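Engineer:
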Amino acid sequence: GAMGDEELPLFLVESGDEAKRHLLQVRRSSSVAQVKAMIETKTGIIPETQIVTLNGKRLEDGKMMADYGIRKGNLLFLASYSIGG
Numbered sequence: 001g002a003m004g005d006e007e008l009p010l011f012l013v014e015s016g017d018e019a020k021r022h023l024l025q026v027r028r029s030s031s032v033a034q035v036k037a038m039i040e041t042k043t044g045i046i047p048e049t050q051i052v053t054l055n056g057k058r059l060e061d062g063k064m065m066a067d068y069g070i071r072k073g074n075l076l077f078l079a080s081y082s083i084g085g
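Residue numbers (the authors' numbering): 1 to 85.
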């Protein structure tokens, strides 16, 4: 509606392969649920299994980027659940 920057950039670093890098713009107030929603739009990995991690912190449900005190174009580490057993 008017001039103003709300959304904030981000950096996706695949844990399995550092070569896989993807910069995505998402609001800080955006919760990991919506943020990861985009992460799926680019990677395709189901959210329920997508384990993202901020600066030493783990991405929880309902938690917003701002909750982690992130910054414009903050670093994010992408991960995925494993079998183990």
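C-beta atoms are modelled at their ideal positions from N, C-alpha and C, and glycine is treated no differently.
Going by DSSP, what residue range makes up the beta strand (DSSP E) through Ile51?
Structural biologist: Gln50 to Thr53
Engineer: Please classify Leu23 as buried or exposed, where buried requires at least 16 neighbouring CB atoms within 10 angstroms.
Structural biologist: exposed
Engineer: So what's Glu14 in DSSP terms, helix, strand or just coil?
Structural biologist: strand
Engineer: Assuming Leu76 contacts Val52 (C-beta within less than 8 Å), just tell me the rounded distance between them.
Structural biologist: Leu76 to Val52, Cβ: 6 Å. Contact.
Engineer: Using three-state DSSP, classify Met65 as helix, strand or coil.
Structural biologist: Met65 carries a helical assignment under DSSP once its states are collapsed to helix, strand and coil.
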